[PDB]
Amino acid sequence: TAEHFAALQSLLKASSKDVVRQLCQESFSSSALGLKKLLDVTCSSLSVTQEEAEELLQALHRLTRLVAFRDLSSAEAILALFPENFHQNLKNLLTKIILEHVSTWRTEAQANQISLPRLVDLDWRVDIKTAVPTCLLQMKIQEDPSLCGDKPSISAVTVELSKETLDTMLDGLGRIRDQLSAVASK
Amino acid sequence: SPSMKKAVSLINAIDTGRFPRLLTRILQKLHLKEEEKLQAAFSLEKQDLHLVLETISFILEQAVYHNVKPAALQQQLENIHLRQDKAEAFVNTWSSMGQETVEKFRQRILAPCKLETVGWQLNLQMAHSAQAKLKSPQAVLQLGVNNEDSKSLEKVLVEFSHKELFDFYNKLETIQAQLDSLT
Amino acid sequence: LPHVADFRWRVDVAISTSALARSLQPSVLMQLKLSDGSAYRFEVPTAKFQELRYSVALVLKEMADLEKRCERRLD
Amino acid sequence: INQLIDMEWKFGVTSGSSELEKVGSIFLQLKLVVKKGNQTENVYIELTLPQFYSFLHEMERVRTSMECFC
């Protein structure tokens with residue numbers, strides 16, 4: 001929107017190329033509802049108001065998220081977003097900084113994309129019971145903080161595999177690695 | 001298949017007139033997961049009867065996994081010494097309900113929570129005066145989130161202004177653009 | 001009654017499963033976070049997504065009509 | 001404690017998401033069916049392919065260590 005483009009010009013008050021660079025990185029990575037924590041220090045950066053600074057950070061956040069979303073990998077495709085009457089040297093600076101991060105930003109989002117609960121660590125032990133062997137399969141699961149509640153994000157599961165059930169599991173892990181070959185046959 | 005050897009003799013001897021009724025019942029069982037009546041009808045003790053049920057299920061579960069053609073199924077059946085008259089019943093039953101059986105397994109979600117019911121209603125407030133306040137309608141959405149682990153619905157209610165629901169619509173249109181890119 | 005605080009998805013196609021070698025059947029995973037701080041994650045079959053997508057189109061049309069009728073009410 | 005009884009999985013590729021239009025990432029979801037004390041539980045897990053092969057490789061190491069007895 002026009003309000004976003006008006007806000008981005010506030011970067012012309014910046015003190016270094018890195019200040020623009022760091023604000024781009026931070027505006028992408030903090031969540032849309034979460035940007036607020038830097039507002040005063042951002043205000044002191046550029047000497048802007050808090051209300052201007054929130055719209056600035058939202059403008060960068062929308063711009064960087066949209067660029068990451070479409071995987072815009074040429075300057076003309078990024079430059080085409082900007083109006084004819086928009087400061088050329090600023091848009092060149094923003095375009096460069098975008099191309100410096102778009103691979104990184106797109107990867108960062110793919111690391112935090114939604115899923116079922118994610119394995120984060122794994123351990124195992126073999127142990128002879130009163131005699132017969134058993135495996136104590138120990139997994140750490142990481143659930144999304146938004147959704148586990150006030151429970152911890154990281155929860156540990158521990159499973160007894162017997163020799164018989166371990167064979168049934170490896171038969172399943174077998175078929176998976178086989179299925180992972182037969183794709184697009186015939 | 002040394003284990004199969006017992007089942008092939010047991011199934012071949014089973015009453016062919018009663019056989020299609022049981023196959024249909026097991027197929028009905030397969031989209032998800034009376035014994036005394038079967039024990040008396042098929043003259044098998046509980047442990048003996050189960051081997052037949054387990055063998056039929058395993059045959060159907062293997063058949064669905066590979067989406068075997070009727071000619072392909074009979075090719076495997078003729079190799080394991082099953083008599084054709086039982087094979088004819090299997091192939092007939094498979095040829096009709098097969099694709100629909102596979103489609104359910106193709107549709108069945110793994111994850112625990114699945115959206116089951118969608119309900120919308122719309123709520124309105126009314127302005128006969130010159131300006132009491134120029135106030136919008138708002139919609140509410142009933143989501144029936146089936147916790148299929150339990151089969152307990154969470155009936156989830158979310159409310160939208162026109163100012164919001166259009167933003168939500170553009171996201172669903174983005175999902176549709178992604179979902180149509182699968183072509 | 002809570003409004004949507006965040007709405008998030010991924011579009012998946014299942015290639016193989018424990019009981020089907022080659023399913024190729026897609027689904028949309030949804031995650032909602034809401035204004036009361038509740039959150040939900042659920043998987044939507046394509047048929048149920050088309051229902052939801054079509055339903056939003058109706059309710060938008062009614063809301064935009066009733067909104068427009070209020071201008072007719074000022075006239 | 002927590003004796004496994006059965007397993008399921010879904011293997012697929014991710015076409016897109018909220019943050020990325022075209023994604024192409026590849027995922028394995030597992031459903032583990034567990035018991036304690038005559039009540040079942042389902043445990044749900046999602047894995048990248050590196051985590052699958054490492055999960056497979058390590059569970060193979062267990063099999064070598066278990067068949068070693070009787």
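S.K.: Describe the UniProt feature "domain: COMM" in chain B, and please don't skip the residues or the numbers.
M.R.: Under the present numbering, the feature "domain: COMM" in UniProt falls on residues 114–183 of chain B. As annotated, residues 114–183 of chain B comprises 29% helix and 43% strand, and the C-alpha atoms at either end are separated by 24 Å.

S.K.: If you had to explain the packing of aromatic side chains to someone new, which residues and values would you point to?
M.R.: If you walk through the whole model with that rule in mind, you get 10 aromatic pairs over all chains. Centre to centre, the rings of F82(A) and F86(A) are 5.0 Å apart; their planes meet at 55°, and the pair counts as tilted. Residue class for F86(A) comes out buried when judged on its relative accessible area of 4%. Judged by centre distance (5.3 Å) and plane angle (35°), the ring pair of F160(B) and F168(B) falls under tilted. Side by side, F160(B) and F168(B) carry an identical accessibility label, which is buried.

S.K.: An account of the pattern of salt bridges is needed here, citing residue identities and associated values.
M.R.: In total, this model carries 22 salt bridges over all chains according to the counting rule given. The partner of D127(A) in a salt bridge is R125(A), and the shortest N-O contact between them spans 3.1 Å. The exposure class of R125(A) is partly exposed, given its relative accessible area of 41%. Here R61(D) ties to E58(D) by a salt bridge, and the two come within 2.8 Å at their closest N and O atoms. Of this pair, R61(D) and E58(D) are both found in helix α1 (residues 49–67), three residues apart, which corresponds to roughly one turn of the helix.

S.K.: Can you tell me about the UniProt feature "domain: COMM" in chain D, naming the residues and giving the values?
M.R.: The positions UniProt marks with the feature "domain: COMM" are residues 3–70 of chain D. Helix makes up 28% of residues 3–70 of chain D and strand 51%, and the two end C-alpha atoms of the span are 21 Å apart.

S.K.: Can you break down the interface of chain C and chain B residue by residue, with the values?
M.R.: Accessible area lost during the coming together of the parts is what is often quoted as the interface size. If you look at the interface, chain C gives 46 residues, while chain B gives 47 residues. Roughly 4,400 Å² of surface becomes buried between chain C and chain B when both sides are summed, with 73% attributable to carbon and sulfur atoms. Linking chain C to chain B there are one salt bridge. Across the pair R53(C) and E173(B) runs a salt bridge whose closest N-O atoms are separated by 2.6 Å. Between chain C and chain B we count 12 residue pairs in polar contact in total. For the side of chain C that touches chain B, the elements supplying multiple residues, two or more each, are β1 (4–17), β2 (25–34), β3 (39–45) and α1 (46–74) of chain C.

S.K.: How would you sum up empty space enclosed by the protein? Please name residues and give values.
M.R.: Reported here for the largest cavity is a volume of approximately 60 Å³. In terms of lining, the largest cavity is formed by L115(B), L141(B), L143(B), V158(B), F160(B), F168(B), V4(C), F7(C), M30(C), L32(C), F42(C) and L52(C). Elements supplying a minimum of two residues to the lining of the largest cavity: β2 (138–147) and β3 (152–161) of chain B together with β1 and β2 of chain C.

S.K.: Which residues make up the interface of chain A and chain D, and what values go with them?
M.R.: Counting residues at the interface gives 44 residues for chain A and 42 residues for chain D. Regarding the contact of chain A and chain D, the summed buried area is about 4,200 Å², with carbon and sulfur atoms giving 72% of it. Taken as a group, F69(A), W124(A) and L180(A) account for 15% of the area that chain A buries against chain D, more than any other trio of residues on that side. Inspection of the region where chain A meets chain D yields one salt bridge. Note that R63(D) and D167(A) form a salt bridge whose closest N and O atoms lie 2.8 Å from each other. Seen at the junction of chain A and chain D, the total is 12 residue pairs in polar contact. If you list the elements that add at least two residues to the side of chain A that touches chain D, you get α4 (50–70), α6 (88–110), β1 (118–123), β2 (126–129), β3 (132–142), β4 (154–162) and α8 (163–179) of chain A. Ranked by residue count, the leading element in the side of chain A that touches chain D is α8(A), at 12 residues.

Parameters at a glance
- Residues numbered from 1 in each chain as written, not as in the entry; some residues may be left out.
- Chains lettered and ligands numbered in written order.
- Heavy atoms only, no water.
- Residues with missing side-chain atoms left out of burial classes, pairs and counts.
- UniProt positions renumbered as here; feature names shortened; annotations may be inferred.
- Helix = DSSP H or I, 4+ residues; strand = E, 2+ residues; numbered from the N terminus.
- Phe/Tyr/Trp six-rings, centres within 6.5 Å; stacked < 30°, edge-to-face > 60°.
- Buried < 20%, exposed > 50% of the residue type's maximum accessible area, 1.4 Å probe, protein only.
- Salt bridge = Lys/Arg side-chain N within 4 Å of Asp/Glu carboxyl O.
- Contact = heavy atoms within 4.5 Å.
- Buried area = accessible area lost by both parts, 1.4 Å probe.
- Polar contact = N/O pair within 3.5 Å; in protein donor to acceptor, adjacent residues only side chain to side chain.
- 1 Å grid on protein atoms, 1.4 Å probe; cavity = no way out; pocket = protein on both sides within 12 Å on 5 of 7 lines; lining within 4 Å.
- Points joined across faces, edges and corners; volume = space filled by probe spheres on them.

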